[PDB]
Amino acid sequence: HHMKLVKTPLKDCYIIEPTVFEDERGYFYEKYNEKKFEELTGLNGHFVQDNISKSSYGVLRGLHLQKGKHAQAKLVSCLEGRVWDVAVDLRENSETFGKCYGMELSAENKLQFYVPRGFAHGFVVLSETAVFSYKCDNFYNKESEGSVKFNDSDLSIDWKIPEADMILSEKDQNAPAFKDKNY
């Protein structure tokens, strides 16, 4: 019954590990519960928007964020296939400012990854195709968008797959460096 939030090296960034109940017909679990989450973290647990994408192997999207009062906390998971998901703490006041953390999200492992406001976020598709789910605690605002180049040499993120396999949009190919502070 208790929600299980697992610590990561980034402050306020958590893995939600599900408690899965199995039985004859299959399984069931409580994927998310706002009251439990807010009780455990003291953070906002009210999500207002749910987004879905399906992409093919090697598609890499990120690192993305919305600035200021438009910043979005994200609760992300993989509904089909496998992805490698990365978060970067960009809060200048945070003891983990400038640090990154990555993890595999898959339909099989049923994990969710909570990325606070003030972070940048991205992911790469590891399987033939993957369906990616992200819930946001704030609404879309194009003008507020910020970004960090995914392969910025200061962050030195390990995106796991061969570089020749990565598929990037023109925007993500041209995102400003971490030191340029487009956030």
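When you see a residue number, it is the position in the sequence shown, counting from 1.
If you average the C-alpha B-factors over 87-95 and over 106-114, the higher value belongs to 87-95.
When the mean C-alpha temperature factors of 117-125 and 52-60 are read from the deposited coordinates, 52-60 comes out higher. The PDB entry assigns its highest CA temperature factor, among 30, 143, 34, 137, to 143. Residue 69: CA B factor in the highest third of modelled residues in this chain (values from the PDB entry). In the PDB entry, a CA B factor belonging to the middle third of its chain's modelled residues is recorded for residue 151. In this PDB entry, the Cα temperature factor of residue 167 sits in the top third of its chain's modelled residues, the highest group.
The deposited CA B-factor of residue 15 belongs to the middle third of values across its chain.
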